[PDB]
Amino acid sequence: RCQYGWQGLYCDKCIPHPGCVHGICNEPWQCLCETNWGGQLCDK
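Here the sequence shown is numbered in this note's numbering, starting from 288 and rising by one per residue.
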């Protein structure tokens, strides 16, 4: 069901660390943040 690019207690995280700092994501290896955040990594 999932293993590559999906960690966590079960499966609900595309490891935002490697490539980003905060925010969310729905696909493997991606970066999704708000508009206030600048840059792909979406940091402060």
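For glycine and all other residues, C-beta sits at the position ideal for the given N, C-alpha and C.
(message) On the criterion of 16 or more Cβ atoms from any shown chain inside 10 Å, does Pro-315 qualify as buried, or is it exposed?
(response) Here the question's residue 315 lines up with position 28 in the sequence shown. Exposed, since its Cβ has fewer than 16 Cβ neighbours within 10 Å.
(message) If contacts are defined as beta-carbon pairs under 8 Å, then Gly-310 and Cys-320 qualify, I think. What distance do you get, rounded to the angstrom?
(response) Locating residue 310 in the sequence shown gives position 23, counting from the first residue. Locating residue 320 in the sequence shown gives position 33, counting from the first residue. The Cβ separation is near 4 Å, so the contact holds.
(message) According to DSSP, simplified to helix, strand and coil, what is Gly-310?
(response) Against the sequence shown, residue 310 aligns to sequence position 23. The answer is coil: DSSP assigns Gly-310 none of H, G, I, E or B.
(message) When you compare the CB positions of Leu-328 and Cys-312, do they come within less than 8 Å of one another, or not?
(response) Position 41 of the sequence shown, counted from the start, is the residue given in the question as residue 328. Position 25 of the sequence shown, counted from the start, is the residue given in the question as residue 312. No.
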